[PDB]
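Okay, structure first, notes after.
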Amino acid sequence: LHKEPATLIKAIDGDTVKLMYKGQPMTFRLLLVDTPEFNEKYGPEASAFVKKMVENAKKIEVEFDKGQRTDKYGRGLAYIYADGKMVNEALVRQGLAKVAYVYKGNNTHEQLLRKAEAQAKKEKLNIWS
Ligand SMILES: Cc1cn([C@H]2C[C@H](OP(=O)(O)O)[C@@H](COP(=O)(O)O)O2)c(=O)[nH]c1=O
Ligand SMILES: [Ca+2]
């Protein structure tokens with residue numbers, strides 16, 4: 001797996017973000033996570049967390065997995081990094097997201113995020129409190 005460049009177009013919510021990728025605008029859905037929707041509990045906090053993360057990054061990178069790169073709604077499915085730190089993992093670590101939608105062949109970073117979730121549960125963080 002490798003990191004490709006992209007630029008913020010627009011923060012959207014806890015687990016979707018608009019990026020420019022290979023010069024095209026495109027909504028990305030964060031692999032292996034599920035944030036609450038904005039209208040749910042911690043939805044707003046999730047959105048703010050990612051928003052802050054991507055808006056403050058000097059460098060956004062996109063990392064496809066080995067499988068499907070687009071979902072059925074046309075969203076790009078990737079791991080997204082903000083100055084080297086993975087947003088997907090960061091959300092889970094803070095208990096702003098659950099590990100979720102784990103499909104085979106698009107699950108490289110699965111155990112890494114389960115480690116993170118386990119620590120967030122342990123600390124009773126946000127979702128787990
Ligand atoms: C995370 C992810 C979601 N999806 C699809 C499955 C879900 O289908 P349904 O809409 O049929 O429930 C939907 C959930 O995304 P959201 O959590 O953004 O709604 O996105 C994938 O197909 N692959 C993925 O990796
Ligand atoms: Ca969601």
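We count ligands from 1, going down the list as the structure has it; atoms in each ligand are counted the same way. By convention here, the first residue in the shown sequence is residue 1.
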> Which heavy atom of the protein is the closest neighbour of atom 22 (O) of ligand 1, given with residue, atom name and distance?
Replying inline: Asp71 CB, 3.8 Å
> Which protein heavy atom lies closest to atom 17 (O) of ligand 1, and at what distance to 0.1 Å?
Replying inline: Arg29 NH2, 2.8 Å
> Which residue supplies the protein heavy atom nearest to atom 10 (O) of ligand 1, what is that atom called, and how far is it?
Replying inline: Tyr73 OH, 2.5 Å
>> Closer than 4.0 Å to some heavy atom of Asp34 - which atoms of ligand 1 meet that?
In response: 17 (O)
>> On a heavy-atom basis, which atom in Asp83 and which in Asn56 lie closest, and how many Å separate them?
In response: OD2-O, 4.2 Å
>> Are there over 12 heavy-atom neighbours, none belonging to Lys41, within less than 6.0 Å of that residue's NZ?
In response: no
>> From the N, O or S atoms in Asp34, identify the one nearest to the Ca ion (ligand 2).
In response: OD1
> Where is the nearest protein heavy atom to atom 19 (O) of ligand 1: which residue, which atom, and how far?
Replying inline: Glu37 OE2, 4.2 Å
> Does some side-chain heavy atom of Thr16 sit less than 4.5 Å from a side-chain heavy atom of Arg75?
Replying inline: yes
>> For atom 14 (C) of ligand 1, what is the closest protein heavy atom, and at what distance to 0.1 Å?
In response: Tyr101 OH, 3.5 Å
>> Quick test: of every protein heavy atom, which one is nearest to atom 23 (N) of ligand 1, and how far off is it to 0.1 Å?
In response: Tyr103 CE1, 3.4 Å
> Going by heavy atoms, is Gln68 under 4.0 Å from ligand 1?
Replying inline: no
>> Quick one, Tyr79 and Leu32 - any side-chain contact, counting heavy atoms below 4.5 Å?
In response: yes
> Hey, does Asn106 sit under 4.0 Å from ligand 1 if you only count heavy atoms?
Replying inline: no
> Do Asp65 and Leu1 have side chains that get closer than 4.5 Å, going by heavy atoms?
Replying inline: yes
>> Return the closest protein heavy atom for atom 18 (O) of ligand 1 as residue, atom name and distance.
In response: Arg75 NH1, 2.8 Å
> Can you tell me the protein heavy atom closest to atom 11 (O) of ligand 1 and the distance?
Replying inline: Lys72 NZ, 2.6 Å
> For ligand 1, which atoms, with element, lie under 4.0 Å from some heavy atom of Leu31?
Replying inline: 25 (O)
>> With heavy-atom distances below 4.5 Å as the criterion, would you say the side chains of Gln68 and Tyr103 are in contact?
In response: no
> Of all the atoms in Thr35, is at least one N, O or S atom closer to the Ca ion (ligand 2) than 3.0 Å?
Replying inline: yes
> Heavy-atom distance under 4.5 Å between the side chains of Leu91 and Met53, does that happen here?
Replying inline: no
> Which heavy-atom pair separates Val54 from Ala11 by the least distance, and what is that distance?
Replying inline: CG2-CB, 4.3 Å
>> Please determine whether the number of non-hydrogen atoms from other residues, nucleotides or ligands lying under 6.0 Å from atom NZ of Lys51 exceeds 12.
In response: no
